[PDB]
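Listed here are the chains, written in short residue letters.
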Amino acid sequence: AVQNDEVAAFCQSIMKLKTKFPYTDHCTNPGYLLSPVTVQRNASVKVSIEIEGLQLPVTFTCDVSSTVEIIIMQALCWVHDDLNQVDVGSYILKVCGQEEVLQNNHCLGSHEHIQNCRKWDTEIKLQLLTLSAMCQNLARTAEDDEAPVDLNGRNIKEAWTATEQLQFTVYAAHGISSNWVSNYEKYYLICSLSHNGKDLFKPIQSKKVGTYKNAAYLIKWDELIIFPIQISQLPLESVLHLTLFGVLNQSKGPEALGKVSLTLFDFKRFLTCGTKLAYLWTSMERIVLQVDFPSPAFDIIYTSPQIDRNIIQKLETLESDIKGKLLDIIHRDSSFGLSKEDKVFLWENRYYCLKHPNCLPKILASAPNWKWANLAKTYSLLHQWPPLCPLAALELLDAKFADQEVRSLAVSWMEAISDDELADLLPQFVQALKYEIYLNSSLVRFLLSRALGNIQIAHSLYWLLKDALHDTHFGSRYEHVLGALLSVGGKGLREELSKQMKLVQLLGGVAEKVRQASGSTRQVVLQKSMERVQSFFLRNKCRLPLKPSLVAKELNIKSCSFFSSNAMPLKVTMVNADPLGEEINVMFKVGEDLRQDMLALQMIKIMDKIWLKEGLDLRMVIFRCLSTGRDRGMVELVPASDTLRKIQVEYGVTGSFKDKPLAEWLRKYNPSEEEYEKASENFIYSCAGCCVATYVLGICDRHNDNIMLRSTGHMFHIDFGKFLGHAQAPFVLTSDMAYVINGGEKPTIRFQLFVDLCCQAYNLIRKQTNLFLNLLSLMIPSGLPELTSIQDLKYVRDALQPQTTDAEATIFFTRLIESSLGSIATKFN
Ligand SMILES: Nc1ncnc2c1ncn2[C@@H]1O[C@H](COP(=O)(O)OP(=O)(O)OP(=O)(O)O)[C@@H](O)[C@H]1O
Ligand SMILES: [Mg+2]
C-alpha cells in the first residue's frame, strides 16, 4: 500500500531525472565507451594512426603531456597541407580493435591504454575517424526518452510531541517448511532497535513457541513487545530488526533461520501503524512474518527540528596548549582508534576545525548522541561546513552515519568526483545502498545519473547490482535499482547486456560440463559444448563482458582449451570483429567466488593510482576480473607470462645453479644487454609494488605458483584465496629474485633502489590509510570470508602504522625486506 507508493514515487523521480539526459546531448549520450584516464604527474611516445584514404598508417612521435585534441590535428597536419576546411571538431581518436574513444581534453599519457602499451613496450595503434563512422549502437533513441519507467522485467501529531511508548505484537510467521517441523521443536524472535548501525537498547527476546494447533505451517506468538523508548526519542532512520531462531529437538545451540528489518518511519516520514507484513527468505522459500503496530485515530509524522540560522565567526577565543592537542587529532590517520576523551575534546572544539574540511567524519563520530534536540546544532555546522574531498566523503556513506542530511550532503560533495575515478570505486557505492533505508535516496539518483552520462559506469553497475541480488536480506531492494538502471539505459544498452548475459550463461554451461567429465572426455566435451557458443556467435556479435570495448564475432575453437588445475578453468579464444584489432584471450572459471579476487585487484589498482598521482610508477600489472553470477566469472589472461614455479623447474632441468632460473628465463626473451637491463629494471619496480601490496593487504600465501612473471620482466599476483589474513617473513625474496634485482651474485646500488622504492611506496599508502580503511569497511556487508568484522580493518591499520612518521616507517619496512631475504640476508648490509 505504502511500499507500492514508494516504488511509484521512485519511478516518477527517475522519469524526471531522464529529462536532464535527452538523446540529443552527445556529451551524456555518445553511444560508445570512453577510454579510461588516470591523471599522472607530467616524455616521448610513437603512435600509429590509421587514416581514411592512406593504405599505410602515419607513425610519428607525440609528447606524452600533450592533449588528445592536438594529437588529432597533429595527425590531420600529416595528411592535409592546411586544416582551414577539414572540420577538426568532426574527428575523434579510438583504440584499434577496441570500441573505446580517447578523451580530447586529457593528456595522451593519462589514458590507461597508453600507460599499458608504454609498460609492455607494445605499439600504440589508434584510428583517426569521425563520430559518423564510429559505432553508436548503445546510444539512447527518442523512443527511450518518451518511454515511461516500468522497473520490472487526517488529524496529524508531530513525532517530537508523541510520548507513546514504541510497542508492537509479533503475531505469527506463515508458510514454514517440512524440514523445519522435522528439525526444530520451538521458535523464538529476537527484536532489536538500531540507528547509525548501532543498538539504542539491548535486544528483547520473544517467548519460545512451537507450531500452531492443527496448522504445522504457522508459528503464532501473538506476544506484545514493549521497548523502553518513546516515539519522540526515535531518530528518523530508526530500524526494527527481527531475527527468527529455532531450538532443535532431541534427534547444539539455537540456529539463526533468517532476519527481517522494518523502518519505523516510511518514505513520507509517517510512523508505521496497523498490521505490516515482512518477508524473510531461506534455502527459494518465502516466509511471511506479521507485526501488528498500534493504529490510533491520528497519523504520527516525523518533523525535523527548526533550522538554527547561525554563523559562528572571524574572532574566537584562542588557547595555545589546546591548539596542539586539536591539530594532533585533526591530522590523525582516521577516526578508527579514537578514544572517548579524544572525542569529547574534538566535539567541544569542533567550530575551530572549520578550515580543515576532511576531519568532519572525525567530528560527527565524536557526537554524544543523535537526540532530536541536539540535531539543530549538528545541521547548523554541516550546512556552513566547507566542501569535503569525495574520497573523504565516502566515510559519511558508511553504516555509522544513517542521518539523511549527512548522507544527502556527502553525495552533493561526491558530485565533484570524475567518472574515471568513480568507475573503480563502484563496488563500495553499490554496498553503501544497504545503509539507505528508503528506495529513493540521493546515492541511488547519483549512481543512476552517472550511469546515464557514462556507458562504462552503467555497464559496471549492471554486473555489480546483478551480483548483489543474491543477498537474501537486500535482494528485494537491488531488484528495484537494477530495474531502474536497465529501463533508463535504453533498448540499445539492454539488448547488448542480454547478449553478454547469454554468452556467460553458455560459457558457464561448457565450463561445468568440462569439469564433470574424464581426462579423455574433457577435450571432446569442450569441442562439442563450444558448438552451442559457435551457434551463438553466428546469430549474434557480442562485446566481452570483462572489457566491453572488445567485440567478438566468432570463436577460435581450435585455440580454445582448459588450464588443467583446480576447477579446470577454460581458455576462451575469440577473434575480433575489427580487423585492425587482435585476438581476444580470456579465462572463464566456475566454482570459486571471484569477488575477493576482484577486491584484491581493486585495492592493488588504487595503490597504483595513489603512487602514479605522487609521480611514482612501479610498473604494476593491472589485469581485470568480473563475477558474472554465483561463484563464476571471467579473468583477463596476461600474455607471455608464466608462474615462478614452471620457470624454476624448467631451468632446474638444464641448470644445477638453482640461482638463475628467473634471470636465464628473462635473457631468453630479452637477449640484448639493454633488453635484459630494461627487463631486470621492470622486475625491480613491479617486485617493490608487489612486496608493499603483499604486506599492507596481508597475503602470506605468496609461493612459486601464486606469483606470476611477464616476459617483459613485470611481476604480479594471480591467486587471492588468502586475503587480509594478518593472523601470522610477510613476503619472500628468493636467491633467484635477488640475483635479478642486483644484476649479479653480490649486492649493487640496484638493491638500494629496490629498498628506496619499497619504503617510498609503503609511506604513500600510509598517507591514504583513511581511504583503504573506508574502502574495506564498505565491503564488510558483501559477505567475503576474511572481511566480516571491524577488527579485520584494525589488522590493515596496524600494517600501515599511522602512529609512526615516514622516517620510522622506512626503518620498519627496510627490516621487513632484510627479514624477507632470510638465509642470504647475511650477504647484504
Ligand atoms: N591473470 C592471469 N594471466 C595469465 N595467466 C593466468 C592468470 N591467472 C591464472 N593464469 C594461469 O592459469 C593457471 C591456472 O589458474 P588458477 O586460478 O586455476 O590457479 P591457482 O588458483 O594458483 O591454482 P588452483 O586453482 O589449482 O588452486 C595459472 O597457473 C596460470 O598459469
Ligand atoms: Mg584460484
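About the criteria used
Residues numbered from 1 in each chain as written, not as in the entry; some residues may be left out. Chains lettered and ligands numbered in written order. Heavy atoms only, no water. Residues with missing side-chain atoms left out of burial classes, pairs and counts. Near = heavy atom within 4 Å. Polar contact = N/O pair within 3.5 Å; in protein donor to acceptor, adjacent residues only side chain to side chain. Areas by Shrake-Rupley, 256 points an atom, 1.4 Å probe, with all protein chains shown as cover. Nonpolar A, V, L, I, M, F, W, Y, C, P; charged D, E, K, R; others polar. Pairing = 2+ DSSP bridges. Helix = DSSP H or I, 4+ residues; strand = E, 2+ residues; numbered from the N terminus. Axes fitted to C-alpha atoms, helices over the stretch in contact; angles between N-to-C directions. Domains from an automatic or database assignment. Contact = heavy atoms within 4.5 Å. Buried area = accessible area lost by both parts, 1.4 Å probe. Salt bridge = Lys/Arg side-chain N within 4 Å of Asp/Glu carboxyl O. Buried < 20%, exposed > 50% of the residue type's maximum accessible area, 1.4 Å probe, protein only. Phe/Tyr/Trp six-rings, centres within 6.5 Å; stacked < 30°, edge-to-face > 60°. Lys NZ or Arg CZ within 6 Å of the ring centre and 35° of its normal.

Novice: Before we move on, can you summarise the site of ligand 1 with the specific residues and values?
Specialist: With respect to spatial proximity, 16 residues lie near ligand 1, and among them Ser 565, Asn 566, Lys 589, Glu 636 and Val 638 are the closest. Here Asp 719 contributes a side-chain N or O atom positioned 3.2 Å from an oxygen atom of ligand 1. Considered on its own, ligand 1 offers 620 Å² of accessible surface; in the complex 77% of this is hidden by protein. Class assignment for the residues of the shell around ligand 1 results in eight nonpolar, four polar and four charged.

Novice: I'd like to hear about the sheet that holds strand β8 (residues 165-174), residue by residue, with values.
Specialist: Here we have four strands laid out as an open sheet, ordered β12-β8-β16-β15, and antiparallel in their pairing. With partners counted over all chains shown, the strands left at the sheet margins are β12 (218-230) and β15 (274-282), one partner each. Going across the sheet, the axis of each strand differs from the next one's by a mean of 25°, ignoring polarity. Of the pairings in the sheet, the one linking β15 to strand β16 (residues 285-293) comprises nine bridges and is antiparallel in character. Following the sheet pairing, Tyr 279 is matched in β16 by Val 288.

Novice: Could you give me a rundown of the domain arrangement of the chain, with the residues and numbers involved?
Specialist: Domain annotation of the chain identifies domain 1 (1-1 + 306-493), domain 2 (26-133), domain 3 (156-301) and domain 4 (596-827). With centres defined by C-alpha atoms, the gap from domain 1 to domain 2 works out at 37 Å. Opposite the six residues of domain 1 that make contact, domain 2 presents nine residues. Interface area for domain 1 against domain 2, summed over the two sides, is near 580 Å², with a carbon-plus-sulfur share of 52%. Area buried by domain 1 at its contact with domain 2 is led by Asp 420, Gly 453 and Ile 455, which between them contribute 70% of it.

Novice: Any chance you could break down the pattern of salt bridges for me, citing the residues and the numbers?
Specialist: Evaluated as defined, the whole model comprises 26 salt bridges. We note a salt bridge from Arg 797 to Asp 333, for which the minimum N-O separation is 2.8 Å. When sorted by exposure, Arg 797 lands in the same class as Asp 333, which is buried. The salt bridge partner of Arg 595 is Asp 593, with a shortest N-O separation of 3.0 Å. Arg 595 sits in the partly exposed class, given a relative accessible area of 26%.

Novice: Before we move on, could you go through the side chain of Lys 94 and cite the residues and values that matter?
Specialist: Relative to the assigned elements, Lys 94 resides in strand β4 (residues 91-95). At a separation of 2.9 Å, a polar atom in the side chain of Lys 94 contacts the side chain of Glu 99. In this structure, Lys 94 is in contact with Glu 99, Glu 100, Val 101, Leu 102, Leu 126, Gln 127, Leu 129, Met 134 and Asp 578, ignoring residues within four places of it in sequence.

Novice: Tell me about the packing of aromatic side chains, and please be specific about residues and values.
Specialist: Taken as a whole and judged by the stated rule, the model has 22 aromatic pairs. Taking the centre distance of 5.7 Å and the plane angle of 45° together, the rings of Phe 168 and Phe 293 count as tilted. Summarising the burial analysis for this pair, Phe 168 and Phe 293 share the class buried. An aromatic cluster is defined as three or more aromatic residues linked by ring pairs; in this entry it consists of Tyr 695, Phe 731, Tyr 762, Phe 812 and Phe 813. Sitting above the plane of the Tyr 685 ring, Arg 619 keeps its charged end 4.1 Å from the centroid.

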